[PDB]
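Reading through the structure tokens given below for one structure.
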Amino acid sequence: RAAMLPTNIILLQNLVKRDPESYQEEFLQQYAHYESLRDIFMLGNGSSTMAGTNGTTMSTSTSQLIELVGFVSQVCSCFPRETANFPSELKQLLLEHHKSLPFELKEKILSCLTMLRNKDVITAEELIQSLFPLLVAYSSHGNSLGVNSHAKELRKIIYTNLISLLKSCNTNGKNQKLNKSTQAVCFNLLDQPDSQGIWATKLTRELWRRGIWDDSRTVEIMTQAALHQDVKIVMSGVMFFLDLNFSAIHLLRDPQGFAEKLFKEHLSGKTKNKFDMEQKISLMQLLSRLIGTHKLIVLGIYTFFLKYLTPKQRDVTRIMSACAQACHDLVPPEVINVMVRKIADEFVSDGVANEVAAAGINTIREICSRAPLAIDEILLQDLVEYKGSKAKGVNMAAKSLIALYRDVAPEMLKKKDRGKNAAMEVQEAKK
Amino acid sequence: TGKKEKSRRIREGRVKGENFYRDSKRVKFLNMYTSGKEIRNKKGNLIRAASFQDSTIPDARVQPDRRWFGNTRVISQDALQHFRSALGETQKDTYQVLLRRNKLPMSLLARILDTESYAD
Amino acid sequence: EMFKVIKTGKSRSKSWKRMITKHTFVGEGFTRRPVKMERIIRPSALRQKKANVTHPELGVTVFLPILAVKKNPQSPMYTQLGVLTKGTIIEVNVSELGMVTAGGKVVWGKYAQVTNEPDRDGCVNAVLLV
Amino acid sequence: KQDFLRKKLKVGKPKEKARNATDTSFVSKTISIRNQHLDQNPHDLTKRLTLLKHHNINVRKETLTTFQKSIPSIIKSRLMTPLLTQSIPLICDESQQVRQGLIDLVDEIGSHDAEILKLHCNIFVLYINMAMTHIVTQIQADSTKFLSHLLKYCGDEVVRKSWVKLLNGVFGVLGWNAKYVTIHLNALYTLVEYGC
Amino acid sequence: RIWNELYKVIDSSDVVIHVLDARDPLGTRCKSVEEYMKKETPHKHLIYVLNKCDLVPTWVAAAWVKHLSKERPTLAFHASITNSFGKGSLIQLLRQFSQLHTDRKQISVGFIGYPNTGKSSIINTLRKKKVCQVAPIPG
RNA sequence: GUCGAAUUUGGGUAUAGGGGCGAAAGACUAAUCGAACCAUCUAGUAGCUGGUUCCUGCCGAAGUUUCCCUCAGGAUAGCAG
RNA sequence: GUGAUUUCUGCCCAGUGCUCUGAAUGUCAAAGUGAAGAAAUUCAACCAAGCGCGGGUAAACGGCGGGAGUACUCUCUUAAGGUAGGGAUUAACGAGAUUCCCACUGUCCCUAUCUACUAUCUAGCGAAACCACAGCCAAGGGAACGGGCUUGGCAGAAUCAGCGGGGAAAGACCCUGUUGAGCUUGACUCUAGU
RNA sequence: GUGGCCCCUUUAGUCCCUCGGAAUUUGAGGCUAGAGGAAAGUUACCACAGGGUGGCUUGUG
RNA sequence: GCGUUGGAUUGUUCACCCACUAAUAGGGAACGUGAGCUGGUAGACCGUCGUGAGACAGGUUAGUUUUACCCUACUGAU
Ligand SMILES: Nc1nc2c(ncn2[C@@H]2O[C@H](COP(=O)(O)OP(=O)(O)OP(=O)(O)O)[C@@H](O)[C@H]2O)c(=O)[nH]1
Ligand SMILES: [Mg+2]
């Protein structure tokens with residue numbers, strides 16, 4: 001057992017954690033080996049080329065260093081002397097080579113730094129300066145295109161480790177000195193217009209969901225992301241402000257100008273035609289759900305919808321369900337009359353099908369629930385024609401419009417539809 | 001207490017034999033090896049016939065429909081010929097292999113006695 | 001009358017296995033299941049690929065390859081198993097007849113109804129549904 | 001449980017393919033076999049290069065012997081610096097046999113071409129001072145053989161670069177048993193000589 | 001009795017390996033089964049495995065593999081629980097076929113050939129222990 | 001089959017029943033072992049089987065009719081005294 | 001746990017277990033603390049281990065590929081590579097399973113003969129199984145099946161030695177109890193110990 | 001013309017009853033009226049108790 | 001009416017092979033549950049499955065019923 005003890009680390013560390021005044025020489029016997037090992041790492045199937053590897057076999061030097069790193073990181077607190085430069089050695093092993101290290105060794109160092117920060121050996125203010133620069137470097141597109149670069153796994157590890165760090169730091173009280181510092185790097189990433197704000201948006205969404213970053217300073221970051229030029233950043237911002245919306249709307253600085261800038265930049269202004277329909281629809285949803293909720297006025301929305309309000313168009317049931325969400329009690333009903341007369345011309349016309357007509361009437365009555373004086377009695381009557389329609393979609397739809405105007409403006413309806421209380425209320429109030 | 005099916009279902013989120021092992025789906029599969037069996041009473045007579053042995057003569061009808069008598073499987077000549085050529089190219093090469101092979105149509109790939117009668 | 005019981009084990013005590021006694025259509029890529037996992041047994045001799053389909057008009061019959069089974073009137077499980085009992089409705093290829101629709105598209109599949117009980121006769125005789 | 005049916009009209013979505021439209025689209029992947037290297041090629045030692053990592057020990061010994069024999073025909077080529085790169089880390093190997101075979105190989109390549117030793121001297125001394133600090137004593141003992149055989153050929157740029165690492169590693173492994181001490185002392189003589 | 005087992009194995013198999021002796025592959029070929037597999041069952045794969053390649057020189061093996069790779073993939077092999085050849089290549093090929101048959105939930109591989117060719121020994125070589133009985137006598 | 005030894009054996013001694021011992025067969029533990037033997041609680045008990053002791057006279061049946069978580073032991077309609 | 005020697009011994013800690021002198025936060029029993037009330041009581045806070053969380057381990061049970069780009073789809077590495085074309089020609093022992101050859105014979109064609117003790121007869125001695133009653137056949141009815149019933153064939157005392165066709169005349173397998181016990185497991189309720 | 005064609009949870013009681021030595025105030029129990037709706041496998045190592053032809057066919061799809 | 005064989009083959013035989021022969025015909029009385037004599041549970045191993053105890057898609061091996069002296073029939077004997 002004695003001759004094998006230097007080979008068995010798991011027993012050595014349990015012995016050292018008991019009586020660490022002893023086992024000094026046993027620790028130096030391994031620190032010297034670790035030093036000599038790091039001083040090294042610092043510096044195909046074709047008939048011709050050398051044969052390749054499977055991706056899971058490693059070197060005996062690396063297999064030893066991966067063990068020694070854990071041993072030293074777990075007994076550094078017992079030996080503060082002879083280990084003061086150890087975490088700095090790890091840090092400059094990582095952020096000066098990035099490439100001459102195998103993935104297992106990188107992962108091991110990344111976990112040992114995290115536990116060395118859980119213990120108060122290392123501070124977050126100097127672990128952040130190790131973790132963040134590796135994200136940008138392994139999202140390079142030139143580092144991630146080796147043979148067996150583990151770039152995606154490393155980018156996931158560093159991200160979840162940052163999350164654990166900030167979750168650690170914001171437990172008792174919110175470390176404002178840290179949050180205010182690592183929001184500045186998100187701001188200074190979103191400036192770089194290529195794609196690097198991905199690691200700001202993807203992180204701020206996580207921290208909002210974990211409730212760690214409920215602050216006005218953070219919603220500005222996602223506003224700037226939504227106002228960005230890159231599609232996968234704009235979408236991150238839009239899906240953040242969606243998730244029916246979340247409480248972040250109640251920490252905005254100017255929602256009306258936000259919606260105006262969005263509608264001007266992305267959809268209408270240059271007509272760059274970058275977003276696909278699946279993303280344009282998600283932008284429409286955000287705009288309409290902000291507008292209806294906060295009583296906004298843009299008036300370009302209501303002509304932008306009209307191109308897409310045709311039953312021969314791709315997935316219109318989402319578009320028309322957002323059309324209603326941008327209606328108010330406080331907008332000129334003529335610009336909605338044109339919309340209702342487009343829908344009526346193209347969905348409840350002659351020959352149209354049952355689903356088409358029912359969709360039209362259902363998306364008109366939920367408009368009129370917000371903007372009641374946006375369609376007049378003459379077309380209201382044309383649509384309550386379809387009460388007894390034998391199809392069971394159009395009947396259920398027309399009954400909703402009738403019950404909507406039975407409580408709001410029952411004089412537009414005819415005597416046949418005023419249902420026993422609207423008529424009685426009108427008979428007393430007409431004299 | 002932690003090792004109870006109650007506590008397990010609580011911490012995670014019915015059929016006889018659902019444990020830490022062997023979820024719903026697995027129990028039904030493993031019961032196949034046993035209970036293809038025939039139920040009886042104590043005196044001896046069939047209560048419940050074995051599986052796939054119900055022993056009832058059903059009403060075997062087939063209703064009229066305009067969808068019978070119609071062409072069920074159609075193909076244009078140009079697509080047909082291109083499909084012939086590509087697969088004649090593909091299926092001569094043994095190193096090649098078609099992926100689905102079940103959704104694919106593979107089915108698309110004188111005499112003197114009239115004068116003399118054995119007797120003349 | 002359709003499923004025969006099959007018993008497994010040294011002391012045969014487990015049955016759980018069912019052999020279909022009648023003629024069957026399995027498909028083109030059948031590839032039997034493993035023995036520990038197969039319950040339904042469709043033996044190779046009771047496996048048809050071609051039928052004897054008659055056009056009522058033309059007084060003509062043809063030995064056509066079967067493409068599918070759409071409707072066996074008994075318990076639509078039997079449709080998925082592909083049991084060719086009497087009255088069963090099948091899709092058969094008709095490219096040998098040179099049928100073409102208005103537009104010039106060649107027809108290569110049509111419905112047919114089997115007229116015989118092929119458990120008694122090795123023949124699967126059928127009538128086209130025009 | 002009908003024989004014919006429609007999903008629905010499904011406003012907003014693509015319409016459908018009717019009922020009988022045949023779909024003539026497919027994909028055909030092509031199988032790929034290994035080569036198995038059954039026919040002799042001039043690039044054959046490049047394949048035996050990587051057998052220095054083989055988990056077996058006789059494999060590595062016989063590979064080192066083959067590379068030893070094939071020295072004069074490969075001494076000036078594109079294979080020698082990768083040979084030394086891949087074989088130098090066997091200084092920290094678990095076997096006296098493999099370490100001895102590497103000693104023989106470095107003697108042969110030293111008799112032939114010493115500029116390559118002069119070029120690869122740095123990783124050489126790194127692995128030597130790693131073996132000097134190795135927790136395993138079989139490896140800690142056979143360090144000075146590599147050191148002396150290295151000094152035999154290159155000799156003075158090794159001390160021009162690294163002197164103190166060598167001296168303190170030797171004084172460490174000496175403890176400051178029968179023949180390893182003699183080898184350490186001969187290495188000390190040669191080291192102090194090249195320090196003169 | 002034997003040919004019933006043959007056809008059972010084929011009908012249960014998704015892949016069929018055809019084991020040949022490198023001493024006399026054309027003797028040990030069995031072309032009629034390949035013709036049956038062509039006409040009856042094109043959805044099966046039908047590859048060749050030269051075995052007992054340790055008994056002949058390397059150039060004979062390379063020649064036969066070249067001659068037979070024109071038609072069928074044709075791996076070369078040597079069967080032993082200790083000292084093997086072609087194991088990883090065959091593993092790679094089988095997992096290729098597995099990746100192709102991603103919907104079946106399992107993929108069966110039959111071993112066809114003359115007697116005394118090394119089918120049981122190839123299986124014992126893949127599993128790396130004695131799974132199937134082996135003997136120098138044929139049956 | 002083995003026959004100079006992991007040998008064969010006498011007497012003394014130790015291990016006791018949900019226990020012992022086991023070069024492991026669920027083997028052995030006084031002809032009893034996948035839980036010894038003796039007595040008592042004990043006329044233990046289901047379920048089902050078997051049997052149930054003299055004469056004569058008068059009357060004299062019954063088999064989905066309705067239900068308790070499907071068998072099921074049942075509870076009831078009707079029949080007769 | 002594996003099971004002489006020799007040879008071989010590649011990779012995975014996703015899962016399940018085991019382990020870590022592993023921070024904080026979360027879950028969080030009793031006692032103890034605070035608030036309300038006239039009080040019984042009610043509420044809140046604090047709240048050990050364990051769990052959760054994240055590190056190690058495969059001559060632990062499992063298990064069998066890796067990475068990257070936009071679950072899918074394209075790409076390329078696959079180091080379970082034979083170190084050599086000498087890579088496998090591989091003991092002794094065994095009441096172990098199996099095939100073939102020589103020798104040898106009544107195993108066989110194809111049976112025959114001889115010896116001893118019985119059987120056999122005699123003196124003496126003297127049981128057991130089983131037993132509704134009994135004991136000749138055929139056809140018919142019939143639970144596929146008569147010794148008894150119907151119709152026919154027949155039928156003569158009392159008996160000895162043999163035989164094994166039938167009767168003697170005394171089995172497995174299948175199913176069921178809401179059974180008895182043995183065993184197993186994150187099945188239920190408990191429990192020694194810790 | 002008195003509409004239309006087919007059983008375990010919770011709340012409330014003016015001056016409801018009781019808390020049995022008397023009372024008051026909290027609680028509790030009633031009677032009213034409301035609103036809601038304990039438990040898996042295996043046994044071939046086993047044991048017990050019970051049970052178990054319609055003259056049918058033939059050579060010709 | 002009288003005859004309708006001898007053998008090879010158990011990696012098997014619901015059979016086939018070559019010879020002799022005048023010929024090498026088919027069947028029943030058992031197999032319309034189960035009945036001379038002979039081949040084809042307890043222990044152990046490999047495979048599939050199962051968390052496991054164990055089970056089986058399998059495969060291999062070893063593995064104790066024991067009349068007639070009774071009536072009848074039959075064969076011979078008084
Ligand atoms: N030299 C050499 N011998 C082999 C090899 N493979 C098999 N053998 C030998 O060949 C003998 C008989 O071949 P088997 O392994 O039984 O092959 P098989 O006849 O298909 O096996 P079964 O399916 O059991 O009949 C074995 O006893 C082996 O000793 C090989 O690759 N090299
Ligand atoms: Mg064989």
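Chain identifiers are assigned as A, B, and so on, following the order in which chains appear in the structure tokens; residues are numbered from 1 within each chain, and ligands are numbered from 1 in order of appearance.
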**Item:** Test item, helix (DSSP H, G or I) assignment across range 61-121 of chain D, answer as number ranges by chain
**Value:** D: 61-69, 80-92, 96-112, 115-119, 121
Keeping C-alpha atoms, export the residues of the selection given above as a compact mmCIF listing (two decimals), in the first residue's frame.
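Output saved as again34.txt:
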# COMPACT_ATOMS: atom_id res chain seq x y z
CA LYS D 61 9.40 -2.13 -28.27
CA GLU D 62 9.26 -3.73 -31.72
CA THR D 63 8.18 -0.42 -33.27
CA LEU D 64 11.19 1.33 -31.75
CA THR D 65 13.40 -1.47 -33.08
CA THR D 66 11.93 -1.08 -36.57
CA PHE D 67 12.49 2.68 -36.51
CA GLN D 68 16.02 1.96 -35.26
CA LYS D 69 16.75 -0.25 -38.25
CA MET D 80 12.14 12.39 -38.29
CA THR D 81 10.93 15.37 -36.27
CA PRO D 82 7.48 13.74 -35.80
CA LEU D 83 9.28 10.51 -34.86
CA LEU D 84 11.18 12.30 -32.11
CA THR D 85 8.12 14.32 -31.08
CA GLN D 86 6.09 11.12 -30.64
CA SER D 87 8.90 9.03 -29.07
CA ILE D 88 10.52 11.49 -26.61
CA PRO D 89 7.58 11.23 -24.14
CA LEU D 90 8.50 7.54 -23.69
CA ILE D 91 11.14 8.76 -21.22
CA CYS D 92 8.27 8.68 -18.69
CA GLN D 96 12.70 -0.59 -18.74
CA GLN D 97 12.49 -2.39 -22.08
CA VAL D 98 10.92 0.55 -23.91
CA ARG D 99 13.24 3.04 -22.21
CA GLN D 100 16.24 0.92 -23.25
CA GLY D 101 14.97 0.69 -26.82
CA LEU D 102 14.64 4.47 -26.87
CA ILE D 103 18.20 4.78 -25.55
CA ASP D 104 19.34 2.61 -28.47
CA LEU D 105 17.35 4.69 -30.96
CA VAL D 106 18.80 7.96 -29.70
CA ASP D 107 22.30 6.46 -29.91
CA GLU D 108 21.73 5.48 -33.54
CA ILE D 109 20.15 8.76 -34.62
CA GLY D 110 22.92 10.57 -32.74
CA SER D 111 25.62 8.71 -34.63
CA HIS D 112 23.79 9.62 -37.86
CA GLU D 115 21.34 18.51 -35.57
CA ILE D 116 17.93 16.96 -34.92
CA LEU D 117 18.91 16.39 -31.28
CA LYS D 118 20.10 20.00 -31.10
CA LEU D 119 16.71 21.07 -32.48
CA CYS D 121 16.82 19.44 -27.01
**Item:** Near-ligand residues for ligand 1, threshold 8 Å, only C-alpha atoms (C1' of nucleotides) and all ligand atoms, as number ranges by chain
**Value:** E: 19, 51-55, 77-80, 84, 112-122, 132-139; G: 88
**Message:** With only C-alpha atoms (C1' of nucleotides) as the counted atoms, please give the residues lying no more than 12 Å from residue 34 in chain I, apart from itself and same-chain residues fewer than 3 positions off, as a PyMOL selection string.
**Reply:** (chain G and resi 171-173) or (chain I and resi 30-31)
Write out the residues from the selection above, keeping N, CA, C and O atoms (P, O5', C5', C4', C3', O3' and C1' of nucleotides), as a PDB file, in the first residue's frame.
ATOM      1  P     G G 171     -52.898 -45.324  -8.942  1.00  0.00           P
ATOM      2  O5'   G G 171     -51.823 -44.822 -10.007  1.00  0.00           O
ATOM      3  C5'   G G 171     -51.732 -43.447 -10.353  1.00  0.00           C
ATOM      4  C4'   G G 171     -50.615 -43.186 -11.331  1.00  0.00           C
ATOM      5  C3'   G G 171     -50.246 -41.724 -11.525  1.00  0.00           C
ATOM      6  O3'   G G 171     -49.356 -41.265 -10.521  1.00  0.00           O
ATOM      7  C1'   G G 171     -50.449 -42.793 -13.638  1.00  0.00           C
ATOM      8  P     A G 172     -49.126 -39.695 -10.272  1.00  0.00           P
ATOM      9  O5'   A G 172     -48.113 -39.269 -11.427  1.00  0.00           O
ATOM     10  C5'   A G 172     -47.995 -37.917 -11.841  1.00  0.00           C
ATOM     11  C4'   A G 172     -47.520 -37.826 -13.269  1.00  0.00           C
ATOM     12  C3'   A G 172     -47.725 -36.483 -13.959  1.00  0.00           C
ATOM     13  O3'   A G 172     -46.682 -35.559 -13.693  1.00  0.00           O
ATOM     14  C1'   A G 172     -48.562 -38.209 -15.339  1.00  0.00           C
ATOM     15  P     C G 173     -46.997 -33.992 -13.503  1.00  0.00           P
ATOM     16  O5'   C G 173     -47.808 -33.589 -14.814  1.00  0.00           O
ATOM     17  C5'   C G 173     -47.149 -33.384 -16.055  1.00  0.00           C
ATOM     18  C4'   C G 173     -48.134 -33.083 -17.159  1.00  0.00           C
ATOM     19  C3'   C G 173     -49.035 -31.877 -16.932  1.00  0.00           C
ATOM     20  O3'   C G 173     -48.422 -30.647 -17.275  1.00  0.00           O
ATOM     21  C1'   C G 173     -50.363 -33.714 -17.556  1.00  0.00           C
TER      22        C G 173
ATOM     23  P     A I  30     -57.671 -52.384 -31.418  1.00  0.00           P
ATOM     24  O5'   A I  30     -57.310 -50.866 -31.113  1.00  0.00           O
ATOM     25  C5'   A I  30     -56.353 -50.174 -31.899  1.00  0.00           C
ATOM     26  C4'   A I  30     -55.463 -49.310 -31.045  1.00  0.00           C
ATOM     27  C3'   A I  30     -55.498 -47.818 -31.328  1.00  0.00           C
ATOM     28  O3'   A I  30     -56.608 -47.170 -30.732  1.00  0.00           O
ATOM     29  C1'   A I  30     -53.255 -48.540 -31.091  1.00  0.00           C
ATOM     30  P     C I  31     -57.276 -45.892 -31.437  1.00  0.00           P
ATOM     31  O5'   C I  31     -56.048 -44.922 -31.727  1.00  0.00           O
ATOM     32  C5'   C I  31     -55.440 -44.183 -30.680  1.00  0.00           C
ATOM     33  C4'   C I  31     -54.388 -43.238 -31.201  1.00  0.00           C
ATOM     34  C3'   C I  31     -54.831 -42.306 -32.316  1.00  0.00           C
ATOM     35  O3'   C I  31     -55.531 -41.175 -31.833  1.00  0.00           O
ATOM     36  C1'   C I  31     -52.761 -43.291 -32.889  1.00  0.00           C
TER      37        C I  31
END
**Message:** Applying 9 Å and only C-alpha atoms (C1' of nucleotides), which residues near residue 6 in chain C remain after dropping the ones on its own chain fewer than 5 positions away? List them as a PyMOL selection string.
**Reply:** chain C and resi 14-19
Store the residues picked out above in a file with N, CA and C atoms, as a compact mmCIF listing (two decimals), in the first residue's frame.
# COMPACT_ATOMS: atom_id res chain seq x y z
N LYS C 14 -46.45 -20.89 -21.53
CA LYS C 14 -46.24 -19.44 -21.62
C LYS C 14 -47.03 -18.72 -22.69
N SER C 15 -48.05 -19.31 -23.31
CA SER C 15 -48.22 -19.26 -24.76
C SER C 15 -47.84 -17.94 -25.44
N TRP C 16 -48.62 -16.88 -25.24
CA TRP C 16 -48.31 -15.51 -25.67
C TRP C 16 -48.02 -15.31 -27.15
N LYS C 17 -48.06 -16.36 -27.97
CA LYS C 17 -47.70 -16.28 -29.38
C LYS C 17 -48.88 -16.74 -30.23
N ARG C 18 -49.08 -16.06 -31.36
CA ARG C 18 -50.26 -16.26 -32.18
C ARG C 18 -49.85 -16.34 -33.64
N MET C 19 -50.15 -17.48 -34.26
CA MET C 19 -49.85 -17.73 -35.66
C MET C 19 -51.12 -17.49 -36.47
At most 7 Å is the cut-off: for each residue in chain E with any atom that close to an atom of chain G, write down the nearest atom pair and the distance in Å rounded to one decimal, counting only C-alpha atoms (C1' of nucleotides), chain first then increasing number, as JSON lines.
{"residue": "E:54", "atom": "CA", "partner": "G:87", "partner_atom": "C1'", "distance": 6.6}
{"residue": "E:57", "atom": "CA", "partner": "G:85", "partner_atom": "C1'", "distance": 5.8}
{"residue": "E:58", "atom": "CA", "partner": "G:85", "partner_atom": "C1'", "distance": 6.8}
{"residue": "E:82", "atom": "CA", "partner": "G:8", "partner_atom": "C1'", "distance": 4.4}
{"residue": "E:83", "atom": "CA", "partner": "G:82", "partner_atom": "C1'", "distance": 6.0}
{"residue": "E:84", "atom": "CA", "partner": "G:82", "partner_atom": "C1'", "distance": 5.6}
{"residue": "E:85", "atom": "CA", "partner": "G:82", "partner_atom": "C1'", "distance": 5.1}
{"residue": "E:88", "atom": "CA", "partner": "G:80", "partner_atom": "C1'", "distance": 6.3}
Could you write those residues out with C-alpha atoms, as a tab-separated table (two decimals), in the first residue's frame?
chain	number	residue	atom	x	y	z
E	54	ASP	CA	-3.79	-15.39	-41.30
E	57	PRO	CA	-0.03	-14.14	-47.42
E	58	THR	CA	-1.11	-10.52	-47.37
E	82	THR	CA	-6.87	-12.59	-28.31
E	83	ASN	CA	-5.26	-11.64	-31.67
E	84	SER	CA	-7.81	-10.39	-34.21
E	85	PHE	CA	-7.95	-8.43	-37.46
E	88	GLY	CA	-13.10	-2.39	-35.75
**Request:** Specify as a PyMOL selection string all residues of chain B found within 9 Å of chain D, counting only C-alpha atoms.
**Result:** chain B and resi 67+71-76+79-80+82-83+90+94-101+103-105
**Asked** What residues in chain H have any atom no more than 10 Å from chain B when counting only C-alpha atoms (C1' of nucleotides), and can you write them as a PyMOL selection string?
**Response** chain H and resi 40-41+50-52
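Taking only C-alpha atoms (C1' of nucleotides) into account, residue 32 in chain I lies nearest to H:53 out of the set H:53, H:61, H:43, H:48.
Every protein, DNA or RNA residue with an atom at most 12 Å from residue 131 in chain G, where only C-alpha atoms (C1' of nucleotides) count and chain neighbours fewer than 3 positions away do not, is listed here: residues 134, 168, 169 and 170 of chain G; 70 of chain I.
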Based on the selection just made, write N, CA, C and O atoms (P, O5', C5', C4', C3', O3' and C1' of nucleotides) of those residues as a PDB file, in the first residue's frame.
ATOM      1  P     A G 134     -69.953 -64.222  -4.919  1.00  0.00           P
ATOM      2  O5'   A G 134     -70.272 -64.375  -6.470  1.00  0.00           O
ATOM      3  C5'   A G 134     -69.340 -64.964  -7.358  1.00  0.00           C
ATOM      4  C4'   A G 134     -69.565 -64.485  -8.766  1.00  0.00           C
ATOM      5  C3'   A G 134     -68.634 -65.037  -9.825  1.00  0.00           C
ATOM      6  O3'   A G 134     -69.041 -66.327 -10.249  1.00  0.00           O
ATOM      7  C1'   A G 134     -68.905 -62.696 -10.111  1.00  0.00           C
ATOM      8  P     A G 168     -59.536 -54.068 -14.455  1.00  0.00           P
ATOM      9  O5'   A G 168     -58.047 -54.566 -14.758  1.00  0.00           O
ATOM     10  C5'   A G 168     -57.205 -55.098 -13.732  1.00  0.00           C
ATOM     11  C4'   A G 168     -57.609 -56.508 -13.360  1.00  0.00           C
ATOM     12  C3'   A G 168     -58.281 -56.699 -11.992  1.00  0.00           C
ATOM     13  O3'   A G 168     -59.483 -57.462 -12.122  1.00  0.00           O
ATOM     14  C1'   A G 168     -56.530 -58.265 -12.280  1.00  0.00           C
ATOM     15  P     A G 169     -60.898 -56.898 -11.588  1.00  0.00           P
ATOM     16  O5'   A G 169     -60.524 -55.736 -10.563  1.00  0.00           O
ATOM     17  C5'   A G 169     -60.120 -56.053  -9.238  1.00  0.00           C
ATOM     18  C4'   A G 169     -59.222 -55.010  -8.607  1.00  0.00           C
ATOM     19  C3'   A G 169     -59.233 -53.590  -9.205  1.00  0.00           C
ATOM     20  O3'   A G 169     -59.310 -52.621  -8.158  1.00  0.00           O
ATOM     21  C1'   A G 169     -57.017 -54.370  -8.978  1.00  0.00           C
ATOM     22  P     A G 170     -59.754 -51.105  -8.474  1.00  0.00           P
ATOM     23  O5'   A G 170     -58.382 -50.292  -8.494  1.00  0.00           O
ATOM     24  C5'   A G 170     -57.724 -49.911  -7.288  1.00  0.00           C
ATOM     25  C4'   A G 170     -56.890 -51.039  -6.735  1.00  0.00           C
ATOM     26  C3'   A G 170     -55.811 -50.640  -5.726  1.00  0.00           C
ATOM     27  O3'   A G 170     -55.730 -51.622  -4.694  1.00  0.00           O
ATOM     28  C1'   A G 170     -54.830 -51.815  -7.518  1.00  0.00           C
TER      29        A G 170
ATOM     30  P     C I  70     -52.843 -69.268  -9.728  1.00  0.00           P
ATOM     31  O5'   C I  70     -53.894 -68.167  -9.248  1.00  0.00           O
ATOM     32  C5'   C I  70     -54.617 -68.324  -8.035  1.00  0.00           C
ATOM     33  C4'   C I  70     -55.903 -67.534  -8.036  1.00  0.00           C
ATOM     34  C3'   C I  70     -56.770 -67.666  -9.279  1.00  0.00           C
ATOM     35  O3'   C I  70     -57.575 -68.832  -9.264  1.00  0.00           O
ATOM     36  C1'   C I  70     -56.544 -65.382  -8.717  1.00  0.00           C
TER      37        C I  70
END
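Near chain C, counting only C-alpha atoms at 9 Å, the chain E residues are residues 8, 10, 11, 12, 13, 14, 41, 42, 43, 44, 106 and 108 of chain E.
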